[PDB]
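To keep things clear, I will list the structure first and then write my remarks on it.
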Amino acid sequence: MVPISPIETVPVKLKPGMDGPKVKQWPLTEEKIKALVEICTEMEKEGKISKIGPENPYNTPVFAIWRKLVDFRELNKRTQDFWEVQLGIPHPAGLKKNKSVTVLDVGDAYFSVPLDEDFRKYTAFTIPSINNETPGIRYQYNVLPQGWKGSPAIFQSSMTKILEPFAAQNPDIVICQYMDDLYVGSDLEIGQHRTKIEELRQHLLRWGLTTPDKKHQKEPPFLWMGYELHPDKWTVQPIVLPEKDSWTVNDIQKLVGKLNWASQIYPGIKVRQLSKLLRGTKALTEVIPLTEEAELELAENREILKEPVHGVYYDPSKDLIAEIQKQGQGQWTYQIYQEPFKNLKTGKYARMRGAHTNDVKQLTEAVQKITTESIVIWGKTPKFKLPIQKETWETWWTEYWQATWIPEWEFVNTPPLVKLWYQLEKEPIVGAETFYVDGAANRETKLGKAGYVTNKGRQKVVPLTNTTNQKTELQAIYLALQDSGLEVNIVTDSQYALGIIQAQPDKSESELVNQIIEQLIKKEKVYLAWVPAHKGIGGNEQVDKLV
Amino acid sequence: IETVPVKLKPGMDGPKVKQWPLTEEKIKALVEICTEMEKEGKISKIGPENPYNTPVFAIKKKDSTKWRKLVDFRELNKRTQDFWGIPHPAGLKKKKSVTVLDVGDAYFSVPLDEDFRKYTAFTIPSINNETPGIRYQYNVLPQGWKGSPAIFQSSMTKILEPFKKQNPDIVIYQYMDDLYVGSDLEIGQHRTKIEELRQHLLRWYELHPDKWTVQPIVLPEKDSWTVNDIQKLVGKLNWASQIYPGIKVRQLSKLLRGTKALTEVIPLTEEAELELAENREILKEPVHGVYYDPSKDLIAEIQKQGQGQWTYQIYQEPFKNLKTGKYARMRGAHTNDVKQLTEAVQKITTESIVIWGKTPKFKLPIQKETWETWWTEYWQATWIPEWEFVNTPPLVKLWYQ
Ligand SMILES: *CCC(=O)N(C)c1cc(Oc2ccccc2OCCn2ccc(=O)[nH]c2=O)c(C)c2cc(C#N)ccc12
């Protein structure tokens, strides 16, 4: 016999202060008992398990579905935490094309990885005896049991340590571990490729691990995690949007799942209007009617998803480019590619929940998201194509109160272009009328007043119902904007309104703020000055609006 | 040569922090660095039985092209038991010049307590989540961990004993992997003395705190005031009245009576000039009841003033500033706001280390996603402070300009 190299065992412990499992075995039928006796005798003959005496106080229930199925949920609850087998799902667009990709079944190695001997006693289980007239057969696992908490991590780490030298001394191949399958890709000639595959089978056999010589079941196209992986391209598995006379909550959730999933290769997917229907529902069986916006969005989606689209694999010798387009209503879409008309992938970004916003902030956030995703998938930041002029961005970031930065990018002229809609003056405007504004409200009756007095003698006070102090302050500014010329100075004491306007929104939840934004867009020059209230600053009239 | 027992605080498990994504060049740099360290026994590979993690990235220090490995030990540092202490040298900030030296390599000559090693685990990440990452743990005192200067403090005293006995006028402080050496000598004599100390440490950053002072509130001096000038002055004086008690604005607010054009010149009455002069005299005095409490956090606020100018304030209680400053230095960051902010954070943290011996909690005028996306690209310091983000523009900005 050729000596087999031993696989180093991983030391395993239980969670601190806890003890091994002690679960009562379920009573089984006579035929199930016989089945488990045959299976367990076979496994004992192979060495996966061993018989134990009565001294072991631990026990884990066993079932038969024959097939033996041990329920390790209790031992899993009591087992220590392990390092994750994966920190994320690989994305197909990150893969690098290979002339040959071979698949090897290392499932038989799963049962050849030994278990820490001091931990084996916690895996004990009992086969019930016929009619329960003799003591049940006591077994314990000698290898990593299927279903135990630490089996995938310990198996992956053991296989990684085994494969490390073979991969180190064959840098012209790529070896990847996924579950009980190994994937070996190379750009070598098919003969040299199959040769190095045989070398891998031998190197694995030096640890006693057997790879089947049978023609494998996996073959192009690879179906994996909702993906199709082809020799030269990748795509999502076919996305079919169902025809429904009425849509329930699960119908629309399935639809938004299919659209989100399809958005990574199909450009232009929109989920805003369909997602708007699921707001605060929390009822899986509820049936919600479709708005017209949801119907138009769904029609555009059916038009985008009518024929298949594929993405290419990554070529590290070419540049990485990401182009962004604005879609409206806080929606953004983007394409990542290295060659024109051949996308690596696509995606979308929706604006965050907020009371006020503008397009530049949203484009910035989308840039950060694409940057992070691209560093994840490809390990580098892409060069950006953005629908915003260089001078627009320079004005924005030079005048914005926050620090902001976008990586290397170039302007692409693809409407709608992101622009600044208004810019407040830095100094008071000579020759422009000066509007002193104020507003106030009663906390109980919700009655308020908003108005202004100007240096030319112009005055206005408007009474308001169902209002607050903040609303009357904004309304006062709005009245000043309505009744002034193209250039106007405005004096307020509202720290709230200044906090809003200094954030430079172009859209808001409050219709009053939106009206102020429209008025600002119509103006030529606006200077907004702030003063402390109740300090006797003449013009600033708190008494006029408190009557 | 002998390990000192180290443990965590009662009831606290080890750190489990997600490793953030890294560029390919930083990953490769970390692979080279960690391979070399593994050859030297400083670190060792670990198995899946280690569930703990601390993030790692790579930087490039000043005047050097070689990559450096930076570990973010913030979580482990706050989860590590308190070591004990030495009172902070209150004379270090009073010295004319201070030089910072990176003494981290020395930490690698002292072995780490075996049972604690598993808490220093870190992961070199893989591109595209292909592997769970290359996992390591430290065998010696790691750089950036708060226990390293505490454990090495005796050896550091033994090494610095001859130099401290030779020059009683030189102040020496230690914070993390940095050694701050303050003196009053000339720049040339200071550099030759620094080479003397580095060759002294071998066989076993110009900073001038004297050119830094606290910044008082100043008011404009004008011969003609517009309505707008007077309104801004009243606003600033009203803000300062929260800090200084006797500030008075009513005589200046009297001039604003009536609805006048913002650009109209208003002459100052005599009562207004007297009020303004009294306010000037009040602002020339220090703030009343300003003290430092070592049991409280230090809070640092930063405002972007434009044109590469930044203001900052360090305080513990509102309106009780312990330090104020204005960083306008321009160093290869003319077109990048985030790089300027990162450099400002590093400088303010250094000043806080010199003054109080600990790092402040920053309030950054930046969106979380931008900062967290880009701050590691420009970080050059061994330590890392804590920060929060302000999303509402503060009105007091122009009052610090
Ligand atoms: C360890 C495998 C893994 O994590 N993933 C996501 C995975 C990758 C993969 O493709 C490759 C495996 C090894 C080397 C190279 C590649 O892909 C390079 C691009 N490419 C793909 C397919 C093809 O035919 N040619 C080609 O050049 C595959 C194929 C699979 C498959 C399955 C299944 N079933 C699961 C995970 C895979």
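For the record, the sequence lines run as chains A and B.
Under the deposited numbering, read the first sequence as residues -1 to 63, 71 to 552, first letter to last.
Under the deposited numbering, read the second sequence as residues 5 to 88, 93 to 212, 232 to 428, first letter to last.
Here a beta-carbon is modelled for each residue, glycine too, at the ideal position from N, C-alpha and C.
Look up residue i in the DSSP assignment and say whether it is helix, strand or coil.
{"i": "residue 507(A)", "result": "coil"}
{"i": "residue 149(B)", "result": "coil"}
{"i": "residue 406(B)", "result": "coil"}
{"i": "residue 337(A)", "result": "strand"}
{"i": "residue 87(A)", "result": "coil"}
{"i": "residue 286(A)", "result": "coil"}
{"i": "residue 246(B)", "result": "coil"}
{"i": "residue 386(B)", "result": "coil"}
{"i": "residue 315(A)", "result": "coil"}
{"i": "residue 355(A)", "result": "strand"}
{"i": "residue 426(B)", "result": "helix"}
{"i": "residue 344(A)", "result": "strand"}
{"i": "residue 132(B)", "result": "strand"}
{"i": "residue 372(A)", "result": "helix"}
{"i": "residue 175(A)", "result": "coil"}
Please report the straight-line C-alpha distance between residue i and residue j, rounded to a whole angstrom.
{"i": "residue 62(A)", "j": "residue 6(B)", "result": "56 Å"}
{"i": "residue 532(A)", "j": "residue 430(A)", "result": "5 Å"}
{"i": "residue 328(A)", "j": "residue 391(A)", "result": "6 Å"}
{"i": "residue 515(A)", "j": "residue 360(A)", "result": "8 Å"}
{"i": "residue 424(A)", "j": "residue 101(A)", "result": "38 Å"}
{"i": "residue 29(B)", "j": "residue 211(B)", "result": "34 Å"}
{"i": "residue 426(B)", "j": "residue 414(B)", "result": "23 Å"}
{"i": "residue 352(A)", "j": "residue 335(A)", "result": "14 Å"}
{"i": "residue 130(B)", "j": "residue 143(B)", "result": "6 Å"}
{"i": "residue 102(B)", "j": "residue 189(B)", "result": "12 Å"}
{"i": "residue 255(B)", "j": "residue 289(B)", "result": "5 Å"}
{"i": "residue 505(A)", "j": "residue 524(A)", "result": "15 Å"}
{"i": "residue 206(B)", "j": "residue 157(B)", "result": "18 Å"}
{"i": "residue 432(A)", "j": "residue 388(A)", "result": "38 Å"}
{"i": "residue 136(B)", "j": "residue 184(A)", "result": "17 Å"}
{"i": "residue 270(B)", "j": "residue 373(B)", "result": "28 Å"}
{"i": "residue 99(B)", "j": "residue 179(B)", "result": "8 Å"}
{"i": "residue 36(B)", "j": "residue 265(B)", "result": "59 Å"}
{"i": "residue 204(A)", "j": "residue 112(A)", "result": "18 Å"}
{"i": "residue 73(A)", "j": "residue 23(B)", "result": "39 Å"}
Does the Cβ of residue i have 16 or more other Cβ atoms within 10 Å, making it buried, or fewer, making it exposed?
{"i": "residue 108(B)", "result": "buried"}
{"i": "residue 318(B)", "result": "exposed"}
{"i": "residue 45(B)", "result": "exposed"}
{"i": "residue 169(B)", "result": "exposed"}
{"i": "residue 322(B)", "result": "exposed"}
{"i": "residue 489(A)", "result": "buried"}
{"i": "residue 379(B)", "result": "buried"}
{"i": "residue 14(A)", "result": "exposed"}
{"i": "residue 341(A)", "result": "buried"}
{"i": "residue 358(B)", "result": "exposed"}
{"i": "residue 141(B)", "result": "buried"}
{"i": "residue 346(B)", "result": "exposed"}
The stretch 0 to 22 of chain A: positions lying closer than 7 Å to chain B by Cβ: 8, 9, 10
Contact between the stretch 388 to 405 of chain B and the stretch 405 to 413 of chain A (3+ Cβ pairs under 8 Å): yes
Contact list for the stretch 131 to 142 of chain B against chain A, Cβ threshold 9 Å: 131, 133, 134, 135, 136, 137, 138, 139, 140, 141
Against chain B: residues of the stretch 71 to 96 of chain A by CB proximity under 9 Å: 85, 86, 87, 88, 89, 90, 91, 92, 93, 94, 95, 96
At least three beta-carbon pairs within less than 8 Å, the stretch 488 to 495 of chain A to the stretch 432 to 445 of chain A: yes
Stretch-stretch touch, CB-based, cutoff 8 Å, three pairs: the stretch 396 to 409 of chain B with the stretch 58 to 75 of chain B: yes
Members of the stretch 99 to 132 of chain A near chain B, C-beta cut-off 7 Å: 99
Three or more C-beta pairs below 8 Å linking the stretch 300 to 313 of chain A and the stretch 270 to 285 of chain A: yes
The stretch 372 to 405 of chain B: positions lying closer than 7 Å to chain A by Cβ: 392, 393, 394, 396, 397, 400, 401
The stretch 105 to 114 of chain A contacting the stretch 69 to 76 of chain B, beta-carbon criterion three pairs below 8 Å: no
Under 7 Å (Cβ pairs) to chain B, residues found in the stretch 431 to 449 of chain A: 433, 435, 439, 441
Segment contact, 8 Å Cβ cut-off, at least three pairs: the stretch 5 to 20 of chain A with the stretch 51 to 63 of chain B: yes
The stretch 118 to 129 of chain A contacting the stretch 31 to 38 of chain A, beta-carbon criterion three pairs below 8 Å: no
Residues in the stretch 264 to 289 of chain B having any Cβ partner in chain A nearer than 8 Å: 265, 276, 277, 280, 281, 283, 284, 285, 286, 287, 288, 289
Residues within the stretch 359 to 373 of chain A neighbouring chain B, beta-carbon criterion of under 8 Å: 366, 369, 370, 373
The stretch 234 to 253 of chain A touching the stretch 188 to 195 of chain A, judged by at least three CB pairs closer than 8 Å: no
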